[PDB]
Amino acid sequence: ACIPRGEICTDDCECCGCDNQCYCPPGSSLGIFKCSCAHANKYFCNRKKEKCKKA
């Protein structure tokens, strides 16, 4: 079970496939959250291939 879009995530590989990505945008205390699952294919992909390449 992966982390759905809009839900907070701690790890990067914790988020769903390339479809979603664990981004950590600014304004964590002033905004709504710190990191959550966001639509990022090319990102999560280019990232995973570099990090979660084995899994």
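Residues 36-90, in that order, are what chain A shows, numbered as in Swiss-Prot.
Determined by solution NMR, according to the entry header.
From the backbone N, Cα and C atoms, a Cβ is placed for every residue, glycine too.
Looking up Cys59 in Swiss-Prot gives a disulphide bond to a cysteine among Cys50, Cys51, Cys70, identified as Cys70. For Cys37, the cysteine that Swiss-Prot lists as its disulphide partner among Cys48, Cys51, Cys53 is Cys51. Among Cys48, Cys50, the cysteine that Swiss-Prot records as disulfide-bonded to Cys72 is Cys50. Out of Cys44, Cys80, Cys87, the record in Swiss-Prot bonds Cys57 through a disulfide to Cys44. Sparsest Cβ environment among the disulfide-bonded residues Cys44, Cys51, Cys70, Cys72, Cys80 (other Cβ atoms counted within 10 Å): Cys80. Here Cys50 (disulfide bond) is positioned 12 angstrom away from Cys87 (disulfide bond), judged by their C-alpha atoms.
Taking only the Cα positions, the spacing between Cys57 (disulfide bond) and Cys37 (disulfide bond) is 11 angstrom.
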